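Text of data-v3.tsv (TSV, C-alpha atoms and all ligand atoms) as supplied:
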chain	number	residue	atom	x	y	z
A	700	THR	CA	2.57	18.96	42.54
A	701	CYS	CA	4.38	17.42	45.58
A	702	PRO	CA	3.14	13.90	46.03
A	703	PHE	CA	1.70	12.86	49.38
A	704	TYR	CA	4.36	10.14	49.86
A	705	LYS	CA	7.01	12.97	50.13
A	706	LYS	CA	5.17	14.79	52.99
A	707	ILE	CA	5.43	13.94	56.73
A	708	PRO	CA	1.99	14.50	58.39
A	709	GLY	CA	1.85	16.63	61.56
A	710	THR	CA	4.97	18.43	60.63
A	711	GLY	CA	6.09	21.08	58.23
A	712	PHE	CA	8.57	18.55	56.74
A	713	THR	CA	9.21	17.09	53.27
A	714	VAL	CA	11.64	14.30	52.21
A	715	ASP	CA	13.47	14.30	48.83
A	716	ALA	CA	11.14	17.08	47.52
A	717	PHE	CA	13.40	19.64	45.81
A	718	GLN	CA	11.85	19.80	42.31
A	719	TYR	CA	8.41	21.38	43.00
A	720	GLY	CA	9.58	24.90	43.86
A	721	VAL	CA	8.38	26.24	47.19
A	722	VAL	CA	6.21	23.60	48.80
A	723	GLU	CA	3.53	25.56	50.66
A	724	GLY	CA	3.80	24.85	54.35
A	725	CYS	CA	7.33	23.34	54.33
A	726	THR	CA	9.63	24.59	57.09
A	727	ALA	CA	12.46	22.02	56.65
A	728	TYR	CA	13.51	19.95	53.55
A	729	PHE	CA	15.27	16.64	54.34
A	730	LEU	CA	17.53	14.93	51.77
A	731	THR	CA	18.13	11.14	52.38
A	732	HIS	CA	21.13	10.79	49.97
A	733	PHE	CA	22.99	12.31	47.05
A	734	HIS	CA	21.36	10.60	44.03
A	735	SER	CA	20.03	12.83	41.26
A	736	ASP	CA	16.30	11.72	41.29
A	737	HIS	CA	16.31	12.65	45.05
A	738	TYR	CA	18.24	16.03	45.00
A	739	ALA	CA	16.80	17.14	41.65
A	740	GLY	CA	16.26	20.86	42.03
A	741	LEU	CA	18.94	21.87	44.57
A	742	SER	CA	21.54	24.54	43.58
A	743	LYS	CA	23.53	27.58	44.99
A	744	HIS	CA	20.23	29.57	44.84
A	745	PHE	CA	18.40	27.43	47.41
A	746	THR	CA	17.49	29.48	50.55
A	747	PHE	CA	15.62	26.99	52.84
A	748	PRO	CA	17.11	24.76	55.55
A	749	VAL	CA	18.35	21.31	54.28
A	750	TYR	CA	18.79	18.57	56.81
A	751	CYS	CA	21.04	15.59	55.90
A	752	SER	CA	24.07	13.53	56.87
A	753	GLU	CA	27.61	14.96	57.07
A	754	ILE	CA	28.63	13.23	53.84
A	755	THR	CA	25.58	14.42	51.91
A	756	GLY	CA	26.31	17.94	53.24
A	757	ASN	CA	29.95	17.73	51.84
A	758	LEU	CA	28.58	16.84	48.39
A	759	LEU	CA	25.92	19.63	48.55
A	760	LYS	CA	28.66	22.26	49.32
A	761	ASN	CA	31.37	20.93	46.90
A	762	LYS	CA	29.40	19.59	43.91
A	763	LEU	CA	26.18	21.63	43.87
A	764	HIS	CA	27.59	24.80	45.63
A	765	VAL	CA	24.72	25.09	48.09
A	766	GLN	CA	25.68	27.79	50.60
A	767	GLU	CA	26.91	26.59	53.90
A	768	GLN	CA	24.41	28.64	55.95
A	769	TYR	CA	21.48	26.47	54.57
A	770	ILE	CA	23.19	23.03	55.09
A	771	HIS	CA	22.35	21.40	58.41
A	772	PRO	CA	24.28	18.16	58.86
A	773	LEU	CA	23.25	15.78	61.64
A	774	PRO	CA	25.20	13.00	63.28
A	775	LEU	CA	23.90	9.46	62.99
A	776	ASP	CA	22.27	7.44	65.80
A	777	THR	CA	21.63	10.64	67.85
A	778	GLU	CA	18.33	12.15	69.08
A	779	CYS	CA	18.17	15.67	67.57
A	780	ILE	CA	15.43	18.40	67.72
A	781	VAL	CA	14.44	20.01	64.39
A	782	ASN	CA	11.80	22.83	64.47
A	783	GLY	CA	10.41	21.37	67.63
A	784	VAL	CA	10.29	17.70	66.58
A	785	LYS	CA	12.60	14.84	67.71
A	786	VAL	CA	14.32	13.07	64.73
A	787	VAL	CA	17.08	10.39	64.36
A	788	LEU	CA	19.20	9.56	61.25
A	789	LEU	CA	20.07	5.87	60.73
A	790	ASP	CA	22.43	4.21	58.26
A	791	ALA	CA	20.45	3.05	55.25
A	792	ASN	CA	23.05	0.57	53.77
A	793	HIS	CA	22.64	2.29	50.36
A	794	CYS	CA	25.40	4.62	49.00
A	795	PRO	CA	27.81	6.72	51.11
A	796	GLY	CA	26.01	9.20	53.33
A	797	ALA	CA	22.54	7.62	52.76
A	798	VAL	CA	20.15	7.67	55.70
A	799	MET	CA	16.76	6.53	56.96
A	800	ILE	CA	14.87	9.10	59.13
A	801	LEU	CA	12.83	8.41	62.33
A	802	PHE	CA	10.25	11.15	63.15
A	803	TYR	CA	8.66	11.30	66.65
A	804	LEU	CA	5.44	13.33	66.20
A	805	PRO	CA	4.11	15.50	69.01
A	806	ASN	CA	0.94	13.34	69.08
A	807	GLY	CA	2.96	10.09	69.83
A	808	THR	CA	2.99	8.68	66.27
A	809	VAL	CA	6.41	7.34	65.17
A	810	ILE	CA	7.22	7.39	61.38
A	811	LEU	CA	10.22	5.73	59.61
A	812	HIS	CA	11.17	6.97	56.12
A	813	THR	CA	13.67	4.49	54.66
A	814	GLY	CA	14.88	6.71	51.87
A	815	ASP	CA	16.62	4.25	49.48
A	816	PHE	CA	17.92	1.25	51.52
A	817	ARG	CA	19.23	-2.34	51.39
A	818	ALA	CA	17.53	-4.01	54.37
A	819	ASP	CA	19.83	-5.91	56.66
A	820	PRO	CA	19.39	-7.90	59.91
A	821	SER	CA	21.82	-5.47	61.61
A	822	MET	CA	19.09	-2.84	61.43
A	823	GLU	CA	17.07	-4.99	63.93
A	824	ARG	CA	19.70	-3.91	66.59
A	825	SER	CA	19.72	-0.18	65.89
A	826	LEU	CA	17.64	2.47	67.75
A	827	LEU	CA	14.72	1.05	65.80
A	828	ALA	CA	14.42	-1.83	68.26
A	829	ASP	CA	13.52	0.65	71.13
A	830	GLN	CA	9.96	1.66	70.27
A	831	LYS	CA	7.03	0.90	67.98
A	832	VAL	CA	6.85	2.43	64.43
A	833	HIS	CA	3.35	3.16	63.27
A	834	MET	CA	3.88	4.31	59.66
A	835	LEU	CA	6.65	3.14	57.22
A	836	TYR	CA	7.57	5.13	54.01
A	837	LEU	CA	9.21	2.18	52.20
A	838	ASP	CA	11.79	1.84	49.31
A	839	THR	CA	9.87	-0.71	47.17
A	840	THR	CA	12.28	-0.71	44.19
A	841	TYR	CA	12.46	-4.57	44.05
A	842	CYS	CA	9.09	-5.46	45.70
A	843	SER	CA	8.34	-8.68	43.64
A	844	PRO	CA	9.48	-12.29	44.31
A	845	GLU	CA	11.48	-12.58	41.04
A	846	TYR	CA	14.04	-10.22	42.52
A	847	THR	CA	16.75	-12.39	44.19
A	848	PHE	CA	20.33	-11.45	44.16
A	849	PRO	CA	23.47	-12.55	45.97
A	850	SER	CA	25.11	-10.87	48.95
A	851	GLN	CA	27.43	-7.96	48.25
A	852	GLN	CA	30.24	-10.07	49.75
A	853	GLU	CA	29.68	-12.93	47.19
A	854	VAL	CA	29.69	-10.47	44.32
A	855	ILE	CA	32.94	-8.78	45.44
A	856	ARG	CA	34.63	-12.18	45.88
A	857	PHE	CA	33.72	-13.03	42.27
A	858	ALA	CA	35.03	-9.72	40.92
A	859	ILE	CA	38.34	-9.89	42.88
A	860	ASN	CA	39.02	-13.56	41.74
A	861	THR	CA	38.17	-12.77	38.08
A	862	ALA	CA	40.34	-9.67	37.85
A	863	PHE	CA	43.33	-11.16	39.70
A	864	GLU	CA	43.32	-14.26	37.43
A	865	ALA	CA	43.04	-12.14	34.21
A	866	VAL	CA	45.83	-9.75	35.02
A	867	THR	CA	48.14	-12.45	36.34
A	868	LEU	CA	47.66	-14.42	33.05
A	869	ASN	CA	48.14	-11.18	30.99
A	870	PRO	CA	50.12	-8.34	32.69
A	871	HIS	CA	49.18	-6.07	29.78
A	872	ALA	CA	45.40	-6.32	30.45
A	873	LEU	CA	43.60	-3.12	31.68
A	874	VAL	CA	40.64	-3.34	34.12
A	875	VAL	CA	37.80	-0.79	33.54
A	876	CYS	CA	34.80	-0.21	35.88
A	877	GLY	CA	31.70	1.89	35.00
A	878	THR	CA	30.01	4.52	37.27
A	879	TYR	CA	27.33	7.28	36.94
A	880	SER	CA	26.67	8.20	40.55
A	881	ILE	CA	28.05	7.62	44.00
A	882	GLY	CA	27.59	4.10	45.35
A	883	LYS	CA	29.19	0.70	44.65
A	884	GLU	CA	32.72	2.00	45.51
A	885	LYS	CA	33.61	-1.46	46.96
A	886	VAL	CA	33.63	-2.90	43.38
A	887	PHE	CA	36.53	-0.79	41.98
A	888	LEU	CA	38.33	-0.40	45.36
A	889	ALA	CA	38.42	-4.18	46.07
A	890	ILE	CA	39.72	-4.92	42.52
A	891	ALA	CA	42.46	-2.22	42.76
A	892	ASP	CA	43.53	-3.54	46.17
A	893	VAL	CA	44.10	-7.13	44.95
A	894	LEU	CA	46.09	-5.74	41.93
A	895	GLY	CA	48.33	-3.29	43.97
A	896	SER	CA	47.13	-0.36	41.91
A	897	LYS	CA	45.24	2.91	42.71
A	898	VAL	CA	42.14	3.57	40.76
A	899	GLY	CA	42.41	6.27	38.11
A	900	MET	CA	39.59	8.58	37.22
A	901	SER	CA	38.59	11.99	35.98
A	902	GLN	CA	39.12	15.11	38.08
A	903	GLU	CA	35.27	15.48	38.59
A	904	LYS	CA	34.92	11.91	39.90
A	905	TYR	CA	38.02	12.23	42.10
A	906	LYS	CA	36.51	15.38	43.67
A	907	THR	CA	33.26	13.43	44.34
A	908	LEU	CA	35.10	10.60	46.08
A	909	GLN	CA	37.12	13.01	48.25
A	910	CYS	CA	33.74	14.16	49.82
A	911	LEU	CA	32.93	10.64	51.21
A	912	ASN	CA	34.99	10.27	54.43
A	913	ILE	CA	36.36	6.93	53.21
A	914	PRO	CA	39.45	6.07	55.41
A	915	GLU	CA	42.90	6.22	53.74
A	916	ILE	CA	41.27	7.34	50.41
A	917	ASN	CA	44.43	9.29	49.40
A	918	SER	CA	46.23	5.89	49.37
A	919	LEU	CA	43.57	4.29	47.04
A	920	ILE	CA	42.60	6.73	44.21
A	921	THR	CA	44.36	9.04	41.73
A	922	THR	CA	43.91	11.38	38.74
A	923	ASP	CA	47.07	10.00	37.08
A	924	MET	CA	45.66	7.45	34.58
A	925	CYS	CA	49.07	6.41	33.33
A	926	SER	CA	50.22	5.06	36.72
A	927	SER	CA	46.97	3.08	37.21
A	928	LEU	CA	45.75	-0.28	35.83
A	929	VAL	CA	42.13	0.05	37.15
A	930	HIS	CA	40.34	2.86	35.30
A	931	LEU	CA	36.85	4.31	36.05
A	932	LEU	CA	34.76	5.58	33.16
A	933	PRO	CA	31.21	6.82	32.69
A	934	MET	CA	28.79	3.89	32.53
A	935	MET	CA	27.81	5.14	29.01
A	936	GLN	CA	31.33	4.39	27.74
A	937	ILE	CA	31.14	0.64	28.95
A	938	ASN	CA	30.44	-0.95	25.57
A	939	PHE	CA	32.71	-2.25	22.73
A	940	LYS	CA	32.91	1.05	20.75
A	941	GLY	CA	33.66	3.10	23.91
A	942	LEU	CA	36.21	0.58	25.21
A	943	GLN	CA	38.08	0.15	21.85
A	944	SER	CA	38.24	3.97	21.81
A	945	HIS	CA	39.59	4.11	25.37
A	946	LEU	CA	42.23	1.46	24.56
A	947	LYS	CA	43.60	3.57	21.67
A	948	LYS	CA	44.06	6.43	24.25
A	949	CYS	CA	46.46	4.37	26.41
A	950	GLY	CA	49.23	4.42	23.75
A	951	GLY	CA	49.90	0.67	23.41
A	952	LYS	CA	50.43	0.22	27.20
A	953	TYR	CA	47.63	-2.41	27.09
A	954	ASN	CA	46.40	-5.12	24.65
A	955	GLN	CA	43.27	-6.42	26.48
A	956	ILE	CA	40.34	-4.87	28.47
A	957	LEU	CA	38.41	-6.65	31.18
A	958	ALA	CA	35.39	-4.37	32.09
A	959	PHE	CA	32.77	-4.50	34.89
A	960	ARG	CA	29.19	-3.05	34.69
A	961	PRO	CA	27.68	-3.21	38.25
A	962	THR	CA	24.03	-3.35	37.27
A	963	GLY	CA	21.10	-3.65	39.70
A	964	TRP	CA	18.95	-6.62	38.61
A	965	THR	CA	18.94	-8.31	35.20
A	966	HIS	CA	16.70	-11.36	34.18
A	967	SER	CA	19.71	-13.79	34.17
A	968	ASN	CA	19.21	-13.65	38.07
A	969	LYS	CA	16.17	-15.98	37.76
A	970	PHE	CA	18.30	-18.74	36.18
A	971	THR	CA	22.03	-18.34	36.70
A	972	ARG	CA	24.19	-18.35	39.94
A	973	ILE	CA	27.17	-15.93	40.56
A	974	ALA	CA	29.69	-18.80	40.15
A	975	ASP	CA	28.30	-19.31	36.59
A	976	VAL	CA	28.30	-15.68	35.13
A	977	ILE	CA	29.99	-15.13	31.73
A	978	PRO	CA	31.06	-12.03	29.80
A	979	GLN	CA	30.20	-10.57	26.42
A	980	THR	CA	33.42	-10.70	24.33
A	981	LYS	CA	34.44	-9.03	21.05
A	982	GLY	CA	38.07	-9.41	20.16
A	983	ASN	CA	40.40	-8.50	23.05
A	984	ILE	CA	37.51	-6.78	25.05
A	985	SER	CA	35.34	-8.63	27.61
A	986	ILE	CA	32.41	-7.01	29.57
A	987	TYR	CA	30.99	-8.55	32.77
A	988	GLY	CA	27.52	-7.42	34.11
A	989	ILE	CA	27.67	-8.19	37.88
A	990	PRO	CA	24.54	-8.00	40.13
A	991	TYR	CA	25.84	-5.65	42.85
A	992	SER	CA	22.70	-4.12	44.45
A	993	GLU	CA	22.32	-1.25	46.90
A	994	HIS	CA	18.54	-1.91	47.26
A	995	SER	CA	16.70	-4.66	49.20
A	996	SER	CA	15.97	-8.00	47.52
A	997	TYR	CA	12.31	-9.03	47.86
A	998	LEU	CA	13.17	-11.48	50.71
A	999	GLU	CA	15.36	-8.86	52.57
A	1000	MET	CA	12.46	-6.30	52.30
A	1001	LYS	CA	9.92	-8.86	53.54
A	1002	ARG	CA	12.06	-9.87	56.56
A	1003	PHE	CA	12.54	-6.20	57.61
A	1004	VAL	CA	8.86	-5.32	57.35
A	1005	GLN	CA	7.69	-8.57	59.14
A	1006	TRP	CA	10.18	-7.69	61.96
A	1007	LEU	CA	9.11	-4.06	62.23
A	1008	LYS	CA	5.31	-4.75	62.07
A	1009	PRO	CA	4.17	-1.30	60.95
A	1010	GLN	CA	0.41	-0.30	61.09
A	1011	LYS	CA	0.53	1.39	57.68
A	1012	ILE	CA	2.97	1.12	54.66
A	1013	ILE	CA	3.39	3.98	52.13
A	1014	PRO	CA	5.47	2.93	49.07
A	1015	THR	CA	7.89	5.49	47.58
A	1016	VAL	CA	8.96	3.55	44.41
A	1017	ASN	CA	6.93	2.07	41.50
A	1018	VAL	CA	3.91	4.22	42.54
A	1019	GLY	CA	3.14	5.51	39.09
A	1020	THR	CA	0.89	2.69	37.75
A	1021	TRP	CA	-2.26	1.16	39.17
A	1022	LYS	CA	-1.06	-2.38	38.40
A	1023	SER	CA	2.20	-1.76	40.32
A	1024	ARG	CA	0.40	-0.17	43.31
A	1025	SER	CA	-2.13	-3.03	43.50
A	1026	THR	CA	0.54	-5.75	43.29
A	1027	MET	CA	2.55	-4.18	46.10
A	1028	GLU	CA	-0.54	-3.84	48.34
A	1029	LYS	CA	-1.22	-7.63	47.81
A	1030	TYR	CA	2.33	-8.49	49.04
A	1031	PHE	CA	1.94	-6.22	52.06
A	1032	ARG	CA	-1.30	-8.06	53.04
A	1033	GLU	CA	0.31	-11.48	52.54
A	1034	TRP	CA	3.19	-10.46	54.82
A	1035	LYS	CA	0.85	-9.14	57.55
A	1036	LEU	CA	-1.36	-12.31	57.50
A	1037	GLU	CA	1.70	-14.64	57.60
A	1038	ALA	CA	3.26	-12.81	60.54
A	1039	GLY	CA	0.05	-11.97	62.46
A	1040	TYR	CA	0.22	-8.21	62.93
A	1101	NI	NI	19.44	5.98	45.49

Structure re-expressed in structure tokens:
Amino acid sequence: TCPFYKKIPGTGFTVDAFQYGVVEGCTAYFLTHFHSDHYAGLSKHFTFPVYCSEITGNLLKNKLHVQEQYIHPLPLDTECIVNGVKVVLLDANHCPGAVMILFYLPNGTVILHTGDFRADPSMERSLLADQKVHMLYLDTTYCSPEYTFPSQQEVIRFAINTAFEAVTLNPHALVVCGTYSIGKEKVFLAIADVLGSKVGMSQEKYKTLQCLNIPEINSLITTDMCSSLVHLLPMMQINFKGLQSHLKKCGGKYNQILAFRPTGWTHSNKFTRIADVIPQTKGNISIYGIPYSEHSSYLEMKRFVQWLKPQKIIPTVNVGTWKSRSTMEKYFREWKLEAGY
């Protein structure tokens, strides 16, 4: 049944709750972003109101075929009334179209639901600075001190320098980047830009990217693989067997593959810096795992929460085990005692 951490008290609302059938008492279903564990259950047969960003609404219409009459897109950073309740959508710094949602309950309680987010100091100057938040529904994906990772900027700088050097040494090297969802577009776009190429991809992935309101996108992507030297493939294909196979398909246009796998976290983050990352190599194929994250590090999470000073925290990730729940509750108490709220 629908878990309590997906329900907004004092309202008829649910967040990211599309796989339980009809939730009794739900008058409006919000969707924070277009990732499959969050939209799981939506289709052209859905007949309840869905509230979301413009970009998420484009993907619902074009990829899932939800009918336009049930899609209610809202602008960001704007006070809106939904079924009698004031709400605001804020940028979550996750994937394209991802939002956090501020609910202003009739009784005076203010609730923030982060959806999935990568906390950032710039959030401390949004509409969040303007009033107190009592309850926080928090993306706790990486809520443990082992989880450090570099800035997105540092990671993109590494990828751009690595690719440019490789291709300039060998003009017959192909660059491949893995994907299985929206998000992390900066990785393949930044590499293609430094190489003066468009990125080539499947028709299904091209359709997906044309939903994202990315400026000048027609100048940056293409379905013509032959004219491109940065290819996107399914993340499943980013291994030696899949890459050797792909190389055969290019008809001797290329003699070397340099591939990127933008993982979340991996245990080499506890030891190694970004400047010191190395690939796995077999023959003329090299695979780089790069720690490009669209979720908060532990320290980024902690700074946001200690700034916001909520009265109550409700985790939305890692909630399935008692040992995980208890560990998270210990960190929350540490943070509150350190900061004095
Ligand atoms: Ni997500």

Polymer residues at most 12 Å from (16.7, -3.8, 45.4) by only C-alpha atoms, as a PyMOL selection string: chain A and resi 792-793+815-819+837-851+962-965+990-1001+1016

Emit the selected residues as a PDB file, in the coordinates of the input, including C-alpha atoms.
ATOM      1  CA  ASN A 792      23.050   0.570  53.770  1.00  0.00           C
ATOM      2  CA  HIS A 793      22.640   2.290  50.360  1.00  0.00           C
ATOM      3  CA  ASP A 815      16.620   4.250  49.480  1.00  0.00           C
ATOM      4  CA  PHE A 816      17.920   1.250  51.520  1.00  0.00           C
ATOM      5  CA  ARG A 817      19.230  -2.340  51.390  1.00  0.00           C
ATOM      6  CA  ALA A 818      17.530  -4.010  54.370  1.00  0.00           C
ATOM      7  CA  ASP A 819      19.830  -5.910  56.660  1.00  0.00           C
ATOM      8  CA  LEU A 837       9.210   2.180  52.200  1.00  0.00           C
ATOM      9  CA  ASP A 838      11.790   1.840  49.310  1.00  0.00           C
ATOM     10  CA  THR A 839       9.870  -0.710  47.170  1.00  0.00           C
ATOM     11  CA  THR A 840      12.280  -0.710  44.190  1.00  0.00           C
ATOM     12  CA  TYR A 841      12.460  -4.570  44.050  1.00  0.00           C
ATOM     13  CA  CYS A 842       9.090  -5.460  45.700  1.00  0.00           C
ATOM     14  CA  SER A 843       8.340  -8.680  43.640  1.00  0.00           C
ATOM     15  CA  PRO A 844       9.480 -12.290  44.310  1.00  0.00           C
ATOM     16  CA  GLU A 845      11.480 -12.580  41.040  1.00  0.00           C
ATOM     17  CA  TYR A 846      14.040 -10.220  42.520  1.00  0.00           C
ATOM     18  CA  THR A 847      16.750 -12.390  44.190  1.00  0.00           C
ATOM     19  CA  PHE A 848      20.330 -11.450  44.160  1.00  0.00           C
ATOM     20  CA  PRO A 849      23.470 -12.550  45.970  1.00  0.00           C
ATOM     21  CA  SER A 850      25.110 -10.870  48.950  1.00  0.00           C
ATOM     22  CA  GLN A 851      27.430  -7.960  48.250  1.00  0.00           C
ATOM     23  CA  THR A 962      24.030  -3.350  37.270  1.00  0.00           C
ATOM     24  CA  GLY A 963      21.100  -3.650  39.700  1.00  0.00           C
ATOM     25  CA  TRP A 964      18.950  -6.620  38.610  1.00  0.00           C
ATOM     26  CA  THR A 965      18.940  -8.310  35.200  1.00  0.00           C
ATOM     27  CA  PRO A 990      24.540  -8.000  40.130  1.00  0.00           C
ATOM     28  CA  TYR A 991      25.840  -5.650  42.850  1.00  0.00           C
ATOM     29  CA  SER A 992      22.700  -4.120  44.450  1.00  0.00           C
ATOM     30  CA  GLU A 993      22.320  -1.250  46.900  1.00  0.00           C
ATOM     31  CA  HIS A 994      18.540  -1.910  47.260  1.00  0.00           C
ATOM     32  CA  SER A 995      16.700  -4.660  49.200  1.00  0.00           C
ATOM     33  CA  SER A 996      15.970  -8.000  47.520  1.00  0.00           C
ATOM     34  CA  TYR A 997      12.310  -9.030  47.860  1.00  0.00           C
ATOM     35  CA  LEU A 998      13.170 -11.480  50.710  1.00  0.00           C
ATOM     36  CA  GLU A 999      15.360  -8.860  52.570  1.00  0.00           C
ATOM     37  CA  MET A1000      12.460  -6.300  52.300  1.00  0.00           C
ATOM     38  CA  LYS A1001       9.920  -8.860  53.540  1.00  0.00           C
ATOM     39  CA  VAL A1016       8.960   3.550  44.410  1.00  0.00           C
TER      40      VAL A1016
END

Mind giving me the axis-aligned box for segment 833-852 of chain A with 6 Å on every side, centre plus edges in Å to one decimal, as AutoDock Vina command-line options?
--center_x 16.8 --center_y -3.7 --center_z 52.2 --size_x 38.9 --size_y 29.7 --size_z 34.2

Each residue of chain A lying at most 9 Å from ligand NI 1101 (chain A) should get a row with its shortest atom-to-atom pair and the distance in Å to one decimal, counting only C-alpha atoms and all ligand atoms; could you produce that, ordered by chain and increasing number, as a Markdown table?
| residue | atom | partner | partner_atom | distance |
| --- | --- | --- | --- | --- |
| A:731 | CA | A:NI1101 | NI | 8.7 |
| A:732 | CA | A:NI1101 | NI | 6.8 |
| A:733 | CA | A:NI1101 | NI | 7.4 |
| A:734 | CA | A:NI1101 | NI | 5.2 |
| A:735 | CA | A:NI1101 | NI | 8.1 |
| A:736 | CA | A:NI1101 | NI | 7.8 |
| A:737 | CA | A:NI1101 | NI | 7.4 |
| A:793 | CA | A:NI1101 | NI | 6.9 |
| A:794 | CA | A:NI1101 | NI | 7.0 |
| A:797 | CA | A:NI1101 | NI | 8.1 |
| A:814 | CA | A:NI1101 | NI | 7.9 |
| A:815 | CA | A:NI1101 | NI | 5.2 |
| A:816 | CA | A:NI1101 | NI | 7.8 |
| A:881 | CA | A:NI1101 | NI | 8.9 |
| A:882 | CA | A:NI1101 | NI | 8.4 |
| A:993 | CA | A:NI1101 | NI | 7.9 |
| A:994 | CA | A:NI1101 | NI | 8.1 |

Among the residues A:905, A:1021, A:879, A:857, the one that comes closest to residue 924 of chain A [using all atoms listed in the file]: A:905

Residues within 12 Å of residue 1036 of chain A, all atoms listed in the file, excluding chain neighbours under 6 positions, as a PyMOL selection string: chain A and resi 1005+1008+1029-1030

Residue 878 of chain A surroundings by all atoms listed in the file, 9 Å radius, close-in-sequence under 6 positions cut, as a compact mmCIF listing (two decimals) with C-alpha atoms, in the coordinates of the input:
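Written out: out.txt:
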# COMPACT_ATOMS: atom_id res chain seq x y z
CA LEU A 931 36.85 4.31 36.05
CA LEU A 932 34.76 5.58 33.16
CA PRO A 933 31.21 6.82 32.69
CA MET A 934 28.79 3.89 32.53
CA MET A 935 27.81 5.14 29.01
CA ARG A 960 29.19 -3.05 34.69
CA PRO A 961 27.68 -3.21 38.25

12 Å contact set for residue 952 of chain A, all atoms listed in the file, chain neighbours under 3 positions out, as number ranges by chain: A: 870-873, 924-928, 945-949, 955-956

Nearest to residue 821 of chain A by atom-to-atom distance, counting only C-alpha atoms, from A:729, A:942, A:835, A:790: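 Counting only C-alpha atoms, the residue closest to residue 821 of chain A is A:790.
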
A:730, A:1034, A:714, A:1006 ranked by distance to residue 828 of chain A, top pick (using all atoms listed in the file):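 With all atoms listed in the file as the atom set, the closest residue is A:1006.
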
Gap from atom CA of residue 1035 of chain A to atom CA of residue 1003 of chain A - Å, one decimal: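 Taking atom CA of residue 1035 of chain A as the start and atom CA of residue 1003 of chain A as the end point, the length is 12.1 Å.
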
Among the residues A:859, A:1018, A:788, A:854, the one that comes closest to residue 776 of chain A [using all atoms listed in the file]: A:788
